[PDB]
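Just below is one structure, and these are the notes that go with it.
Protein chains: 2
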Amino acid sequence: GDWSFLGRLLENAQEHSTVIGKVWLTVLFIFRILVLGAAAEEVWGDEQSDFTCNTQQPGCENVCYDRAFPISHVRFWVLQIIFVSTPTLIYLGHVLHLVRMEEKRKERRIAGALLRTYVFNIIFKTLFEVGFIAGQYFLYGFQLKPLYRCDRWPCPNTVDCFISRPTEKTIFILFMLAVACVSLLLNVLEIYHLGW
Amino acid sequence: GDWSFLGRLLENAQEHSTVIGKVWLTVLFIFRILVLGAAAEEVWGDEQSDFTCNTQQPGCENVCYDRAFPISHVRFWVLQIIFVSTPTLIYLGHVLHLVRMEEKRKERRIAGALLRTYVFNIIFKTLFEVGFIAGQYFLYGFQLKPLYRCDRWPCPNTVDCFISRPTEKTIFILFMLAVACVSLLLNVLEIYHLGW
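Residue numbers (PDB author numbering), protein chains in the order written: chain A, 2 to 109, 137 to 224; chain H, 2 to 109, 137 to 224.
In structure tokens, the structure reads:
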């Protein structure tokens with residue numbers, strides 16, 4: 002995963018952002034992207050190769066892994082990172098557009141319409157963070173148990189399947205939840221600093 | 002299985018038995034002992050070696066075979082043959098005892141006490157045949173289905189196990205049932221010929 006281009010754009014957003022916004026971006030880079038690439042990806046590397054079911058039925062392990070893990074937590078976190086970054090890019094684009102328009106007018137910061145877009149950016153960021161949190165909760169909860177009981181065809185009756193690294197995965201699930209909640213708190217602080 | 006000694010004693014009983022009794026003994030020799038040794042034993046030879054369960058659990062196939070087949074049909078039929086033969090041996094022993102006593106008295137057939145023992149022999153034969161029939165019914169029924177579902181520990185949850193030769197085994201189950209019922213009819217005819 003090469004996050005270079007998103008990083009380069011979000012550092013530009015850092016130049017035009019509030020101090021709390023700069024903190025939020027630093028959290029995104031260090032506590033989400035960096036952890037994901039240095040720690041979590043490895044943890045989940047053997048998610049299917051080390052997933053085992055007590056059965057001689059061909060195809061059962063495939064369908065049972067798929068049912069247990071419709072989307073890997075790491076993929077979900079990648080999507081979450083991209084969506085919570087997107088409004089920042091929208092605001093930065095409006096910034097660059099107004100700067101280029103100003104340069105043109107000359108040939109021939138946060139107030140006004142730019143402040144309205146900034147605050148909308150903070151709102152959409154908040155809603156997307158909340159949505160991904162709640163989706164993670166309703167899909168997986170905040171804990172991975174070692175045992176998964178599977179009755180999906182072709183599996184005969186109910187089969188016992190065993191997860192790879194349930195405890196380490198639970199640790200990182202809770203870590204990423206905490207980081208997301210810190211991000212929400214930062215957004216709320218941005219909207220209370222702007223309000224005040 | 003060497004039935005030589007039982008055969009030699011039951012042929013003696015044939016010498017002292019009624020014509021219907023001789024038919025009964027012939028049925029025992031030809032349609033039970035001979036079939037058991039020439040056909041059924043082979044059918045059941047691979048009862049456990051060819052019994053298969055869809056599982057990776059060590060020990061599950063053992064416990065599941067044991068639960069499905071607490072006693073093999075062939076062992077049950079051996080026991081049945083021996084018990085339905087036993088009263089015949091009792092009657093023959095009473096016969097030989099009275100003959101030896103007569104020889105002694107000389108030194109120094138079916139009436140009297142010998143007829144009472146004969147009729148008791150026919151009664152116990154009938155009750156034992158009925159008992160083994162009903163036991164077979166309550167234990168296995170009169171049909172072996174290919175699939176046996178097993179939840180006995182250590183088997184995880186419910187496991188699918190497959191029987192060896194279910195249809196051939198069902199054929200021989202029904203054959204042996206029919207032979208037993210013919211034997212019962214013969215006993216009833218003995219008691220109606222004696223009554224008349």
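Note that CB positions come from ideal geometry on N, CA and C, so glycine has one too.
Alpha carbon to alpha carbon, how far is residue i from residue j?
i	j	result
H:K197	H:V207	15 Å
H:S211	H:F190	33 Å
A:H95	A:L142	7 Å
H:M102	H:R109	10 Å
H:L10	H:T87	10 Å
A:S73	A:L155	22 Å
H:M204	H:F148	24 Å
A:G38	A:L29	12 Å
A:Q15	A:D51	41 Å
H:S192	H:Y66	11 Å
A:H221	A:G60	56 Å
A:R177	A:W4	37 Å
H:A139	H:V20	16 Å
H:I219	H:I150	7 Å
H:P71	A:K173	38 Å
A:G22	A:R33	15 Å
A:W25	A:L214	7 Å
H:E12	H:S18	10 Å
H:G159	A:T195	59 Å
H:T186	H:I161	31 Å
A:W224	A:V216	12 Å
Name the chain H residues that come within less than 9 Å of residue i, Cβ to Cβ?
i	result
A:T87	Result: empty, since nearest Cβ-Cβ is about 45 Å, beyond 9 Å.
Which residues in chain A sit within 8 Å of residue i, going by Cβ to Cβ distance?
i	result
H:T56	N55, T56, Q57
For residue i and chain A, any beta-carbon pair shorter than 8 Å?
i	result
H:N185	yes
List the residues of chain H that residue i touches, going by C-beta distances under 7 Å, in chain order.
i	result
A:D188	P184, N185
Would you please verify whether the beta carbon of residue i is less than 8 Å from any beta carbon of chain B?
i	result
H:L213	Any reference to chain B falls outside this structure, whose protein chains are A and H.
If we count Cβ pairs, one from each stretch, closer than 8 Å, do we get three or more for the region 161 to 173 of chain H versus the region 26 to 44 of chain H? The region 161 to 173 of chain H, when compared against the region 26 to 44 of chain H, does not touch it at the 8 Å Cβ threshold.
Does the count of Cβ pairs from the region 181 to 190 of chain A and the region 88 to 107 of chain A closer than 8 Å reach three? Verdict: no, contact absent.
Take every Cβ of the region 72 to 89 of chain A, pair it with every Cβ of the region 72 to 90 of chain H, and state whether three or more of those distances are shorter than 8 Å. No: fewer than three Cβ pairs fall under 8 Å.
In chain order, what are the residue ranges of uninterrupted beta strand (DSSP E) at least 3 long that sit wholly in the region 170 to 200 of chain H? Within the region 170 to 200 of chain H, the runs of beta strand (DSSP E) that reach at least 3 residues and sit entirely inside it are, in chain order, 175 to 178, 187 to 190.
Does the region 53 to 60 of chain H come into contact with the region 54 to 69 of chain A, if we say contact requires no fewer than three beta-carbon pairs (one atom in each stretch) closer than 8 Å? Yes, the region 53 to 60 of chain H touches the region 54 to 69 of chain A.
Length at least 4, wholly inside the region 15 to 68 of chain A: the alpha helix (DSSP H) runs in chain order: Within the region 15 to 68 of chain A, the complete alpha helix (DSSP H) runs of at least 4 residues are 20 to 28.
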